[PDB]
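Below you'll find the structure, written out as C-alpha cells, and then a few comments.
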Amino acid sequence: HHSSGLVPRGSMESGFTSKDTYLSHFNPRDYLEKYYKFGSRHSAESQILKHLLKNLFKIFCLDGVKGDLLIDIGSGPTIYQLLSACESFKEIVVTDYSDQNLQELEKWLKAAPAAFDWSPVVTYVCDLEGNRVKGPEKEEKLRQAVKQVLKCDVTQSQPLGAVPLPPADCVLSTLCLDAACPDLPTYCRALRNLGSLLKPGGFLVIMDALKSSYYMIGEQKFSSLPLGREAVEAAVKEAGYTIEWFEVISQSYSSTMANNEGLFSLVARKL
Ligand SMILES: NC(=O)c1cccc(C#C[C@@H](CC[C@H](N)C(=O)O)C[C@H]2O[C@@H](n3cnc4c(N)ncnc43)[C@H](O)[C@@H]2O)c1
C-alpha cells in the first residue's frame, strides 16, 4: 500500500503515520544527509540547526539547567542536541523508537569510520562555548557522557519499558513529539509518560516545529501534529508542568522538506 505523496506514509487508514513506518521507512543516513548535511551555506535547514544549538547552549550553559542524569527522547540518528548538555550533566541516556536510528547512534559512539560526520556542527558549538576546547576534545567528552542507548516509545506508560533508570534531572526532546503523537490527547499523555522519568521539579526541555502537518525525507512523507503555541502551552501545563520560558521563531524549513510555520523552544519544570 503506497499513496505516492497523496498522504504521508503509513497514514492512509488512520490519518497519521503509524509507528511501524518508522521501523521500516525511516532511513537514518538519508535523514542526516537531508537535514544535517549542508551542500550550500545559509540554507533554511542550516539556520534552524544554528538556532537550536544556540538555544541549547543558552539553556544548559548560560542558564542553570544541570544535574546528574539527562534523558534524550526521540533523538533519532542525531547527536547535536547533546553537545552543550554534556557540559552540564554527568550521564546522558539517548533514546529513540527506530532501531535503525539506534544503530546509527551506536556507530558514532564507537567512532566507526562509516559513521556520520558531525565535526562542522561540533566546531560551531565549540565557538559558542568560547573556544575552550576544539572539535575532537568536545566529541570525546560527549561520547564518554552517553552511558546508554535504549529504545523508547512515548505512547507507553513506561516509555523505556522495564529498563531501570534513576529519576532524571532533565528530559530533552527535539523534533520528536510532533511526529510521535497523532492527536493532542496522545500528546498530553506522552508528556505525562516522560514525567514518570523525572524527579519532582526536574526540567523538561522541548523543541519542535509549529503548525507542521508533515515533514519530508527525500520522497518519503511523514506525518506531524500541527500544533500551535497556544495548544502546546495548554498541553504542557495540563500534563503537570510549569513553563519557565517559551520561545517561538518564524524561521521555517523549506516546504520541500516540511510545511512548518516556525519552531518553538520551552523549558518547563515538573509540578
Ligand atoms: N514535526 C516536523 O515537522 C519535523 C521536521 C523535521 C524533522 C522532524 C523529525 C524527526 C525525528 C527525530 C529527529 C531528531 N530528534 C532531531 O533532533 O532531529 C522523529 C523521531 O521520533 C521517533 N519516534 C517516532 N515515533 C516515536 C515514539 N512513539 N516514541 C519514540 N520516538 C518516536 C522516530 O524514531 C524518529 O527518530 C520532524
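By convention in this document, the chains of the C-alpha cells carry letters A, B, ... by their order, each chain's residues are numbered from 1, and ligands are numbered from 1 in the order they are shown.
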Counting only C-alpha atoms and all ligand atoms, name the residues that have an atom within 7 Å of an atom of ligand 1; the answer should be given as a VMD selection string. chain A and resid 19 22 73 to 78 81 96 to 98 101 152 to 155 173 to 180 208 to 209 212 to 215 224 to 225 258 to 260
Using DSSP assignments from the backbone, pull out every residue in range 2-132 of chain A that falls under alpha helix (DSSP H) and give it to me as a PyMOL selection string. chain A and resi 19-25+28-35+44-57+99-109+119-128
What separation in Å, quoted to one decimal, exists between CA of residue 244 in chain A and CA of residue 160 in chain A? 26.3 Å
Would you list the contacts of residue 238 in chain A as a PyMOL selection string, taking every protein, DNA or RNA residue within 10 Å and counting only C-alpha atoms, but skipping same-chain residues closer than 3 positions in sequence? chain A and resi 188-189+191-192+232-235+241-242
Please provide the set of residues having any atom within 12 Å of residue 53 in chain A, restricted to only C-alpha atoms, with same-chain residues fewer than 4 positions apart removed, written as a PyMOL selection string. chain A and resi 46-49+57-61+79-85+121-129+174+207+265
Choose the residue, out of A:270, A:29, A:141, A:134, that has the smallest atom-to-atom separation from residue 120 in chain A; count only C-alpha atoms. A:134
As an NGL selection string, list the residues of range 112-236 of chain A assigned to strand (DSSP E) by DSSP on the backbone atoms of this structure. :A and (146-151 or 168-174 or 198-209 or 214-217 or 220-223)
Would you mind exporting C-alpha atoms of the selected residues as a PDB file, in the first residue's frame?
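Final output, saved to out34.pdb:
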ATOM      1  CA  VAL A 146      26.485   8.957  26.798  1.00  0.00           C
ATOM      2  CA  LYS A 147      26.103   5.938  29.084  1.00  0.00           C
ATOM      3  CA  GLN A 148      23.157   4.136  27.475  1.00  0.00           C
ATOM      4  CA  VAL A 149      21.314   3.911  24.148  1.00  0.00           C
ATOM      5  CA  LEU A 150      17.817   2.473  24.560  1.00  0.00           C
ATOM      6  CA  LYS A 151      14.584   2.049  22.636  1.00  0.00           C
ATOM      7  CA  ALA A 168      16.387  12.047  35.841  1.00  0.00           C
ATOM      8  CA  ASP A 169      17.142  15.725  36.368  1.00  0.00           C
ATOM      9  CA  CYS A 170      16.106  16.708  32.834  1.00  0.00           C
ATOM     10  CA  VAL A 171      14.217  15.263  29.869  1.00  0.00           C
ATOM     11  CA  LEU A 172      15.157  16.618  26.439  1.00  0.00           C
ATOM     12  CA  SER A 173      13.199  16.063  23.226  1.00  0.00           C
ATOM     13  CA  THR A 174      13.814  17.832  19.908  1.00  0.00           C
ATOM     14  CA  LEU A 198      11.697  12.985  36.041  1.00  0.00           C
ATOM     15  CA  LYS A 199      12.444  13.999  39.599  1.00  0.00           C
ATOM     16  CA  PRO A 200       9.888  16.257  41.299  1.00  0.00           C
ATOM     17  CA  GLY A 201      10.993  19.616  39.963  1.00  0.00           C
ATOM     18  CA  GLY A 202      13.094  18.219  37.130  1.00  0.00           C
ATOM     19  CA  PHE A 203      13.436  20.079  33.859  1.00  0.00           C
ATOM     20  CA  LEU A 204      11.552  19.391  30.628  1.00  0.00           C
ATOM     21  CA  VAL A 205      13.221  20.835  27.518  1.00  0.00           C
ATOM     22  CA  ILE A 206      11.246  20.523  24.277  1.00  0.00           C
ATOM     23  CA  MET A 207      11.948  21.918  20.808  1.00  0.00           C
ATOM     24  CA  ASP A 208       9.718  21.120  17.844  1.00  0.00           C
ATOM     25  CA  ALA A 209       8.034  22.560  14.764  1.00  0.00           C
ATOM     26  CA  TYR A 214       4.164  16.680   7.578  1.00  0.00           C
ATOM     27  CA  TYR A 215       7.906  16.527   7.033  1.00  0.00           C
ATOM     28  CA  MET A 216       9.883  15.021   4.168  1.00  0.00           C
ATOM     29  CA  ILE A 217      12.833  12.645   3.940  1.00  0.00           C
ATOM     30  CA  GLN A 220       9.036   9.849   1.858  1.00  0.00           C
ATOM     31  CA  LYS A 221       6.424  11.965   3.649  1.00  0.00           C
ATOM     32  CA  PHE A 222       5.935  11.516   7.399  1.00  0.00           C
ATOM     33  CA  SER A 223       3.041  12.841   9.458  1.00  0.00           C
TER      34      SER A 223
END
Point-to-point distance in Å for CA of residue 145 in chain A and CA of residue 109 in chain A: 10.1 Å
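Nearest residue to residue 94 in chain A, choosing from A:112, A:70, A:140, A:161 and counting only C-alpha atoms: A:70.
Distances from A:99, A:33, A:45, A:20 to residue 251 in chain A were compared using only C-alpha atoms, and the smallest one belongs to A:45.
Here CA of residue 118 in chain A stands at a distance of 8.5 Å from CA of residue 36 in chain A.
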